[PDB]
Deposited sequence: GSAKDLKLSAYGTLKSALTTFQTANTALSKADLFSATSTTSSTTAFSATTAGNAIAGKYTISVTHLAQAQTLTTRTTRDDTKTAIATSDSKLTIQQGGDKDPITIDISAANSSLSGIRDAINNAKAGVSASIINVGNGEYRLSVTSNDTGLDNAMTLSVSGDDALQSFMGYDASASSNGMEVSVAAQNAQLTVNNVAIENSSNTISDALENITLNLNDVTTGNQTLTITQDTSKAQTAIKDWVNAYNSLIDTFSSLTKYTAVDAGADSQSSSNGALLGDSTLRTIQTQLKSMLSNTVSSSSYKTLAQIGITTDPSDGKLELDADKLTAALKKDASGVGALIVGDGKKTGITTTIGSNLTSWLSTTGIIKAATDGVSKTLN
């Protein structure tokens, strides 16, 4: 009964260690506050020269004219506002009844539509109000076209079409794309949070750069070490709980066997080889931090192949994980020795 806790606490440590990304880990450093970057697994280590000439912006349209209040209907007829963003996006049509044709009503109407833009009212002073509509996301492709059918007055007040001769709205903020170069390669992007340009890298743009600036990606084993230390300690605690029945015996024996009888596609085929040694009397593992760091420094990915493997069928944490789930399941050996 009390050895369900021991096993679940260990299960957690084991899940934490069963992440391939630990073994491709890299950290980052930037020479400017102008940008920063986080990496995921399998990022390529090196100095990246970065230049940033333009930041991405989100379009914001604003009524050219003002109004004496927010309660009074602009339109004397029912009408349909149609918002059309760019980039192969379907248009959204919103009904605006006459009575809901006030700045308040238009605002709420737009916002409740969940159409990828946001509407809000600006009090510009002297009891005068402007409607303002901004695209939720930055980039040329998210710029808007607004049109109204039904009421000429509303259309005349709110409409925007770049190609049109006269527009009721004014471009307050121009939609624009981020424009950078990374290792002398021109990149354009919708967003200042660029995660689809460079592989396994999220690049965060904050300001235009000046001069020669660099993002550095370096190998990082610290994360994988912590995971391995916590795992070793969690297992050693589980063995203490055993010390403190055939169902217990089966779990204790199987876990011992699994850690003893390992298979691996890398050069590292046993725990010892990567620092961790197995005390013959108890079963409990004793990590050597020096010899572990070495193995990781030499071939981090190779260590990963032992600990994680393919994640589905192979790898220590994989097979232990499968066994723990099965023991802790409703049909498992533990739920039967409960009943």
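- Unmodelled segments of the deposited chain, in sequence order: 1-11, 256-278, 374-380.
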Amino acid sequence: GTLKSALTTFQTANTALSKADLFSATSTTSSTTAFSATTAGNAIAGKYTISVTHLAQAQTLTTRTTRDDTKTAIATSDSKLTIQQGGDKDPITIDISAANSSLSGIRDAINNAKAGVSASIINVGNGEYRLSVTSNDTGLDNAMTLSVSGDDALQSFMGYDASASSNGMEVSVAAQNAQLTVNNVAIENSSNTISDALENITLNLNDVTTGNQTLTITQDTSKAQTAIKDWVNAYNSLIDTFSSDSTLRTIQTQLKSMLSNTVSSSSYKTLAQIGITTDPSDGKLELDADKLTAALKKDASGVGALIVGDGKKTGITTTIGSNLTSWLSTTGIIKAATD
From here on, numbers count along this sequence of modelled residues.
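- Checked against the record, the higher mean CA B factor of 303-311 and 270-278 lies with 270-278.
- Averaged over CA atoms, B-factors in the entry run higher in 282-290 than in the other of 51-59 and 282-290.
- Reading the B-factor column for the CA atoms of 177, 246, 76, 100 in the entry, the top value corresponds to 246.
- Per the PDB entry, 253 shows the highest C-alpha temperature factor of the residues 191, 82, 118, 253.
- Among the modelled residues of its chain, residue 40 has a C-alpha B-factor that falls in the middle third according to the deposited record.
- Sort the chain's modelled residues by C-alpha temperature factor and residue 170 lands in the lowest third, per the entry.
- Per-chain ranking of the deposited C-alpha B factor places residue 131 in the lowest third.
- Among all modelled residues in this chain, the alpha-carbon of residue 240 has a temperature factor (C-alpha) in the highest third.
- In the deposited entry, the Cα temperature factor of residue 220 places it in the highest third of its chain's modelled residues.
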